[PDB]
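Asks:
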Amino acid sequence: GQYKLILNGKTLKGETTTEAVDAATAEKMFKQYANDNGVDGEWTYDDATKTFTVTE
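As numbered in the entry's author numbering, the sequence shown has no gaps in its residue numbers, which increase by one up to the final residue, 56.
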(Lines of atoms letter the chains of each structure in order from A; the text may use other names.)
(Lines give C-alpha, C1' and ligand atoms only; values in the text may rest on other atoms or scores of the structure.)
Protein backbone atom coordinates (compact mmCIF):
# COMPACT_ATOMS: atom_id res chain seq x y z
CA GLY A 1 0.00 0.00 0.00
CA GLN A 2 0.95 3.65 -0.21
CA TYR A 3 2.33 5.27 2.93
CA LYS A 4 3.05 8.97 3.39
CA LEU A 5 5.70 10.73 5.47
CA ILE A 6 5.19 14.32 6.57
CA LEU A 7 8.62 15.81 7.24
CA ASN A 8 8.31 18.59 9.79
CA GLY A 9 11.92 19.23 10.62
CA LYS A 10 13.70 22.44 11.49
CA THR A 11 15.42 22.53 8.11
CA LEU A 12 13.68 19.81 6.08
CA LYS A 13 9.94 20.02 5.45
CA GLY A 14 7.51 18.47 3.02
CA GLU A 15 5.98 15.14 2.11
CA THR A 16 7.05 11.90 0.50
CA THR A 17 5.16 8.72 -0.29
CA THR A 18 6.27 5.14 -0.87
CA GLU A 19 4.76 1.77 -1.56
CA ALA A 20 5.40 -0.72 1.24
CA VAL A 21 4.00 -4.12 2.12
CA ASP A 22 2.94 -2.93 5.60
CA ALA A 23 3.28 -0.02 8.01
CA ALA A 24 6.24 -1.62 9.79
CA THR A 25 8.17 -1.67 6.53
CA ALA A 26 7.24 1.91 5.67
CA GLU A 27 8.32 2.95 9.15
CA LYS A 28 11.77 1.43 8.71
CA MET A 29 12.25 3.09 5.34
CA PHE A 30 11.04 6.48 6.56
CA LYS A 31 13.12 6.41 9.74
CA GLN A 32 16.20 5.52 7.74
CA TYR A 33 15.45 8.38 5.33
CA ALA A 34 14.93 10.85 8.17
CA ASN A 35 18.16 9.73 9.83
CA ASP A 36 20.12 10.04 6.60
CA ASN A 37 18.78 13.57 6.17
CA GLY A 38 19.66 14.73 9.68
CA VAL A 39 16.15 14.78 11.13
CA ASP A 40 15.93 13.94 14.86
CA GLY A 41 12.31 14.28 15.88
CA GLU A 42 9.20 12.78 17.41
CA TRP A 43 7.13 10.37 15.37
CA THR A 44 3.48 9.58 14.89
CA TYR A 45 1.64 7.08 12.71
CA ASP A 46 -2.05 7.20 11.78
CA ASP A 47 -3.29 3.93 10.35
CA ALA A 48 -6.52 5.49 9.05
CA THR A 49 -4.62 7.80 6.65
CA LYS A 50 -1.44 5.65 6.32
CA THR A 51 0.56 8.71 7.34
CA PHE A 52 3.70 9.05 9.41
CA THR A 53 4.97 12.35 10.76
CA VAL A 54 8.37 13.37 12.10
CA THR A 55 8.54 16.69 13.96
CA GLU A 56 11.52 18.58 15.37
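Note that beta-carbon positions come from the ideal geometry of N, C-alpha and C, so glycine has one too.
With DSSP as the reference, label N37 as helix, strand or coil.
Replies: coil
Asks: Who are the Cβ neighbours of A20 in its own chain at under 6 Å, not counting the five residues just before and after it?
Replies: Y3 and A26
Asks: Checking 8 Å against the spacing of the C-beta atoms, do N8 and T49 come in under that value?
Replies: no
Asks: With a cut-off of 8 Å on the beta carbons, I'd call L12 and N35 a contact; round off their distance for me.
Replies: Contact flag wrong, Cβ pair sits at about 12 Å.
Asks: List the endpoints of the continuous beta strand (DSSP E) containing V54.
Replies: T51 to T55
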